[PDB]
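These protein sequence lines map, in sequence, to chains S and D. Numbered per the numbering used here, the first sequence spans residues 2 to 90. Numbered per the numbering used here, the second sequence spans residues 2 to 96. Built from N, CA and C at the ideal position, the CB exists for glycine as well. Since the structure comes first, as structure tokens, the remarks are kept for the end.
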Amino acid sequence: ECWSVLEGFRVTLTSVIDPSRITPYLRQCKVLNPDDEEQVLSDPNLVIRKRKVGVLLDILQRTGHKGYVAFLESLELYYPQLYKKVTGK
Amino acid sequence: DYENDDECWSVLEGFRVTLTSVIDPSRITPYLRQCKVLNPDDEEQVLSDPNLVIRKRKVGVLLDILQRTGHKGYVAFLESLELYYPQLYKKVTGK
Ligand SMILES: [Zn+2]
Numbered sequence: 002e003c004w005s006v007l008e009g010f011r012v013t014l015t016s017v018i019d020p021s022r023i024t025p026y027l028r029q030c031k032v033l034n035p036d037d038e039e040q041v042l043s044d045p046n047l048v049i050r051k052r053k054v055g056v057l058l059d060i061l062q063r064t065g066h067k068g069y070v071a072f073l074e075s076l077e078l079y080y081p082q083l084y085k086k087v088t089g090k
Numbered sequence: 002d003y004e005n006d007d008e009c010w011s012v013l014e015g016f017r018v019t020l021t022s023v024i025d026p027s028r029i030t031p032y033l034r035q036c037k038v039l040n041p042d043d044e045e046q047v048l049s050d051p052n053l054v055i056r057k058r059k060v061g062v063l064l065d066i067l068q069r070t071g072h073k074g075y076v077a078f079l080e081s082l083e084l085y086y087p088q089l090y091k092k093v094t095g096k
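Okay, structure coming up:
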């Protein structure tokens, strides 16, 4: 019954909260599993996702060769076909 | 060294549109943070949602997940507002 209470504030909550600000806390409370945090944080809108990856790349570039290597590592783990594409295998 | 500290990144520039189309950044920012090339601020910047319509959807999805955990999710959610959204915490608690 505690959640049915908050329903009246749903639009205010969904309007103010940036979820990535509180999912790390909620995950540590063990009320969000990794499949949960994925659905919340993923970007199915291509326009939005492109922007965010662009910002990520911009941040990594400022770290120089270190960020480049770490970025390639992440692709080999998580986006293997992309990794081969951009590294020419 | 056709990927030295100065030039490695310019090398990827030709693949930028494809990288930005395929990668879901939340799948790799945890890794990159563990590689120590992303600091917590950086990751908040990448993952944040400046578009209201998008942000609303995500919070709604988050609320539905949390509700499925019952009173434990309610208590955790409220604690997270108290810490990170104190004015919203006041609002929903009547204060
Ligand atoms: Zn309850």
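DSSP-derived helix/strand/coil call for residue i
i	result
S27(D)	helix
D65(D)	helix
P81(S)	helix
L33(S)	coil
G9(S)	helix
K86(S)	helix
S43(S)	coil
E8(D)	coil
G65(S)	coil
Any C-beta of chain D under 8 Å from that of residue i
i	result
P81(S)	no
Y84(S)	no
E77(S)	no
Beta-carbon neighbours of residue i, restricted to chain D and to distances below 7 Å
i	result
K67(S)	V38
8 Å Cβ cutoff, residue i in contact with chain S
i	result
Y3(D)	no
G95(D)	no
Sequence-distant residues of its chain with Cβ nearer than 8 Å to residue i (five each side left out)
i	result
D59(S)	none
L48(D)	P26, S27 and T30
Nearest candidate by alpha-carbon position, reference residue i, set the options
i	options	result
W10(D)	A71(S), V6(S), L78(S) and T13(S)	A71(S)
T30(D)	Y75(D), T21(D) and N40(D)	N40(D)
Other residues of its chain near residue i: CB distance less than 6 Å, five sequence neighbours each side excluded
i	result
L82(D)	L89 and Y90
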